[PDB]
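See below for the structure under consideration.
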Amino acid sequence: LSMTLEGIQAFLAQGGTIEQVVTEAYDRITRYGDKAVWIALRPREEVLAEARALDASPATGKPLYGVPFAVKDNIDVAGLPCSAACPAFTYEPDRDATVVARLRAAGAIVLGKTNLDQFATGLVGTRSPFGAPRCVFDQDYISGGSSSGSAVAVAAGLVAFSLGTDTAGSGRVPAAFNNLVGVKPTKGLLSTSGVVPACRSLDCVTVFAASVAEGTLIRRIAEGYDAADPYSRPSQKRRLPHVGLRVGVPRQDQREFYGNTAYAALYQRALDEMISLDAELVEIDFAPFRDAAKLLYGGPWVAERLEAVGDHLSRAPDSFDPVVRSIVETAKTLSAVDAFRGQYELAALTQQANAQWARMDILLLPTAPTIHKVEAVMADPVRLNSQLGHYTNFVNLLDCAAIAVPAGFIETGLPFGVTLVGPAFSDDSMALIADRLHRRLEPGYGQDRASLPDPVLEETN
Amino acid sequence: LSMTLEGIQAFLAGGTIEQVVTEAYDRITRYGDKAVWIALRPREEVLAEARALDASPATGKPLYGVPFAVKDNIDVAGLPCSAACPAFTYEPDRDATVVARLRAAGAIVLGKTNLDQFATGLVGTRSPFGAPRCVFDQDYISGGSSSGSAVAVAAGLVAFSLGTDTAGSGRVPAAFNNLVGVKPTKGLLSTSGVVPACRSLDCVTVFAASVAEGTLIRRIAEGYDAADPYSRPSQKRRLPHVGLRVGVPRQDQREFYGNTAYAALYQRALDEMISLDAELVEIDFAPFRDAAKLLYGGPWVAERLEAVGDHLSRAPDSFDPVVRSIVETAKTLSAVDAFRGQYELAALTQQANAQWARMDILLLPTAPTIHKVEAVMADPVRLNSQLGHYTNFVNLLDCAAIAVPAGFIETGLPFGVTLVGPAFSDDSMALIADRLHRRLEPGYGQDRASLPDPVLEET
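Sequence lines, in order, name chains B and A.
Once you know that position 353 of the first sequence is 355 in the authors' numbering, the rest is easy, because the numbers rise by one and skip nothing.
According to the authors' numbering, the stretch in the second sequence is residues 3 to 15, 17 to 462, in order.
The following block contains the structure:
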């Protein structure tokens, strides 16, 4: 059994059952040796019962017929608790989050709730009372976060896809550290109703998948206007060129890796391989994107998180992970004046970014500048985390779409990923470009660099 | 001389710009409202500029020789700028962008007009220089914050003026002085060289004798300006003219705070509209109403604190007492309060969008009532807030607006209405507003004077 959309469809087609798919997933879950992946797992027998019921129904109109998935524990799934990795926060949602409801109606099956950095605050994966999920290539290394368990579960073949959320960059960072495709839809496309807020105005539901095509199908299914969510936006499609594509990259002197020379080398290598794609590389000034990024935690947007968990925080700050607690407690000193100043700075930076967008169709970045051992992060938990947001943190502030794809491996055996960044609503066009890049650079996914499921994406157009 | 774009072009077509200026100054000297101007150029210097222009070709100058007034929160080189706060006063080295563009089109600045201090108020009374008055009755407020700008045009002192609109000042003093107020989609006109009030919401606004004239001035001043972080490139969103749906609030949402004459005149406007080619649609005005409340009732007031915070901490007694207390109170707002306001706005935006699905344009009383200056002096916060009832959502919900005369109540006071449309609907709105104006109350200013041509036509 290949745990991908294609693998499962194929296994079912050749006489296999959903019940067997679930059995195998559970077998894999039981043998996987990372104690931090899951916060709350369904009992196998109840999932088997759901498997059977579905087995006995038509596959018609269910594009995700019998497909197991994991859901990050800041996203509501009826019948399981939801905690945002904060035991004191724990509640029992009556209803599936909207995106979950849509995926399940397409026939997908929830296996359990995956671990995360608490209140989706962190890019490391280590800020959880449940322990730190680990890089699937080396247990000494961070899985990345905050969608830590979701990425690990897919890369380890436990489920075919997973949901996370992305605010600072969590749709992308743990995809890179675990050799996955991370689809980060334009904000507002997928409902955040039934999702615990982090930065409410910025939060996106995000997809971890084995390929761009599979991630894209999952995204489209989950996508849809939802008036319950104040930030929901109806879909638009903005097209990007294919013939004549211009790919922006930062200036040489803007390529920061915080000492990681292997990562620097692999980024350059990606650029080297790209001359055989039908694309032109354009050096752009990355500064306005870089400075916009800093506003997320270095500016007043952190106050959004304080809004989200402020009741629990004042009630009992000791209930909080100590690093997250400290970050959100500091936000308390920001005024409305600070918030508007941040907005003014963002508006100006947006002007400057727009001038750079005039030069390129899409931006190509290291997903992260480096990767860290868990032990290194525990010793230096704020600073080393912030490094990981160097290239990610402007994306939702500047209303962009993004896709993280595998770009290769350094010699010590750790993955290196890159991220494509495009303007709002360019999600479909980006999917095509990303698929092409992925299949050019590092055409496999997950812990075994496994064969990518078909189909490859083709020009519509 | 008729002090309109058309009146001036006609007069020049053996008259001179020098004569135009002379006449404007003669009118300024006679007018009799001591509160209209903060800083007037010396006649002699304007005359010299007039002569130099006279000797220039009119080619390429669509506002060839046209006098205008500029609100004193907008920079004009060679005059001070104070936002009606003497301690704030500075001497700008350069014209604000919009001023630069207008002067390049041949228009001539006569002076800086009085305003509510730091553009904070809809009354016109919050100025140390005194309260300019309704041109129809000295006992009544001119409205604000663009108080002097509106009076100067309605009194025939200048052919148009610039103000700024945040809460509603492009509209309220237009209503109270029988003028067209054009309120451009935010970002269209640069706010560079304009003192911020709510930086992210502020609009340069135009007071004119007609929609067409106000529209020409708007287009000339319009243009992307990277110096302004909130500047946006022109887009144009079209509205229908055949099949037009005009939303109005539900009967029970038509608030006039006891002013039954205004209520009667609003209904009258609806009564006359059956002979325009438009359908009236009752809409739920609640989400617009509740969004309006966020401007001063929510965290946006903190934007004003951001703008004048240094001066306020240096010397709060340097501030108008009402403006001072409003901005001092903003000090207690956190970033958390600011984000909650945005969350509330985003939700209210969802609900408003559902109403927008039912109409092309919204038609409102410009203000629910009008007040005697003395009434406002006694009750300066409450009575002001009333005036924002229909205006205050417009920049928060990213809308365009035009205020046009809608008639007069029996006691001789004007009553104005405002058309509200989606962002970038400015050109299509102008056509609708022109039609409505000419249907309801086809005159402008203190004399209900003949509207200059042209009438706007569909294209």
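For each residue, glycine too, the CB sits at the ideal point set by N, CA and C.
Which residue wins for smallest C-alpha separation from residue i, given the options the options?
i	options	result
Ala178 of chain B	B:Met432, B:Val420 and B:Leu434	B:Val420
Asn76 of chain A	A:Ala90, A:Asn117, A:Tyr447 and A:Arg54	A:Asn117
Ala61 of chain A	A:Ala110, A:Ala72, A:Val24 and A:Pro45	A:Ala110
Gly127 of chain B	B:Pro83, B:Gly196, B:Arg106 and B:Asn180	B:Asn180
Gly301 of chain B	B:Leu390, B:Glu347, B:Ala264 and B:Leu247	B:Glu347
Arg248 of chain B	B:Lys189, B:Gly312, B:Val79 and B:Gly424	B:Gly424
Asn262 of chain A	A:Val304, A:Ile412, A:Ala170 and A:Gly250	A:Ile412
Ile435 of chain A	A:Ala381, A:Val325, A:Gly312 and A:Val245	A:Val245
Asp168 of chain B	B:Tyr28, B:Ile10, B:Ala200 and B:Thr372	B:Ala200
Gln141 of chain A	A:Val39, A:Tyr260 and A:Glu461	A:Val39
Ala162 of chain A	A:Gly147, A:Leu182 and A:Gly133	A:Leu182
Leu219 of chain A	A:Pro417, A:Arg385, A:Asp382 and A:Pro187	A:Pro187
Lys334 of chain B	B:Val304, B:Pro408 and B:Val197	B:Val304
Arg361 of chain B	B:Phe288, B:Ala12, B:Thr332 and B:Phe342	B:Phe288
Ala349 of chain B	B:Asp401, B:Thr394, B:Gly391 and B:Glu309	B:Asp401
Per DSSP, residue i forms a beta bridge with which residues?
i	result
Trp303 of chain A	For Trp303 of chain A, which the question treats as bridged, DSSP gives no partner whatsoever.
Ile41 of chain B	Per DSSP, none; premise fails for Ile41 of chain B.
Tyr143 of chain A	A:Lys375
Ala404 of chain B	B:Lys186 and B:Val423
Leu365 of chain B	B:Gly250 and B:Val423
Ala211 of chain B	B:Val183
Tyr447 of chain A	A:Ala452
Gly9 of chain B	DSSP output for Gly9 of chain B lists no bridge partner at all.
Excluding the five sequence neighbours on either side, which residues of its own chain have a C-beta within less than 6 Å of the C-beta of residue i, listed in chain order?
i	result
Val49 of chain A	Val24
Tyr67 of chain B	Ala61 and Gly109
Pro236 of chain B	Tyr227
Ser164 of chain A	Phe71, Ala72, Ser152, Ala155, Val156 and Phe210
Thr369 of chain B	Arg174, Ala178, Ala406, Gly419, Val420 and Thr421
Can you find the residues in the same chain that come closer than 8 Å, C-beta to C-beta, to residue i, ignoring five residues on each side of it along the sequence?
i	result
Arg30 of chain A	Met5, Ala158, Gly159 and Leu160
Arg44 of chain B	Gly81, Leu82, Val112, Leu113 and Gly114
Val326 of chain A	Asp119, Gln120, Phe121, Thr123, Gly124 and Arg129
Excluding the 5 residues preceding and the 5 following residue i in the sequence, name in chain order all residues of the same chain whose CB lies nearer than 7 Å to its CB.
i	result
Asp36 of chain A	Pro135, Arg136 and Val154
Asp430 of chain A	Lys239
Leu283 of chain A	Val249, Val251, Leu273 and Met276
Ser453 of chain B	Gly446
Output the distance between the C-alpha atoms of residue i and residue j, rounded to the nearest integer angstrom.
i	j	result
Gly151 of chain A	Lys74 of chain A	7 Å
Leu351 of chain B	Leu399 of chain B	10 Å
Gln238 of chain A	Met432 of chain A	14 Å
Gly415 of chain A	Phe139 of chain A	7 Å
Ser145 of chain B	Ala122 of chain B	14 Å
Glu225 of chain A	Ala229 of chain B	35 Å
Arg104 of chain A	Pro65 of chain A	11 Å
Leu422 of chain B	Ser203 of chain B	22 Å
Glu94 of chain A	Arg317 of chain B	53 Å
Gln353 of chain B	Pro232 of chain A	7 Å
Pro131 of chain A	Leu3 of chain A	33 Å
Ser149 of chain A	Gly173 of chain A	7 Å
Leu279 of chain A	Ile20 of chain A	40 Å
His314 of chain A	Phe91 of chain A	7 Å
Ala266 of chain B	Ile286 of chain A	59 Å
residue 2 of chain A	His374 of chain A	Since the first and last residues shown for chain A are 3 and 462, residue 2 of chain A lies out of range.
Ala378 of chain A	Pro176 of chain A	17 Å
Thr100 of chain A	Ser195 of chain A	6 Å
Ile223 of chain A	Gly448 of chain A	23 Å
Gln254 of chain B	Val214 of chain B	29 Å
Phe322 of chain B	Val102 of chain B	27 Å
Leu443 of chain B	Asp450 of chain B	16 Å
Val384 of chain B	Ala86 of chain B	20 Å
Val207 of chain A	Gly18 of chain A	31 Å
Is any non-hydrogen atom of the ligand MG found closer than 6 Å to the C-beta of residue i, if you look at the structure I gave you?
i	result
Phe91 of chain A	Ligands are entirely absent from the displayed structure, and the ligand MG is therefore not among its contents.
**Message:** My parser needs the beta strand (DSSP E) runs of 3 or more residues fully inside the segment 412 to 438 of chain B; what are they?
**Reply:** 417 to 425
**Message:** Just to confirm the assignment: which complete alpha helix (DSSP H) runs, minimum length 4, are found wholly within the segment 294 to 347 of chain A?
**Reply:** 305 to 317 and 324 to 332
**Request:** Go through the segment 233 to 306 of chain A residue by residue and report every complete run of the alpha helix (DSSP H) that reaches 4 residues or more, in order.
**Result:** 263 to 276 and 289 to 300
**Asked** Unbroken beta strand (DSSP E) runs of length 3 or more, entirely within the segment 131 to 200 of chain B: which are they?
**Response** 163 to 168 and 183 to 186
**Request:** Let me know the alpha helix (DSSP H) ranges lying completely inside the segment 27 to 111 of chain A, each 4 residues or longer, listed in chain order.
**Result:** 46 to 57 and 100 to 107
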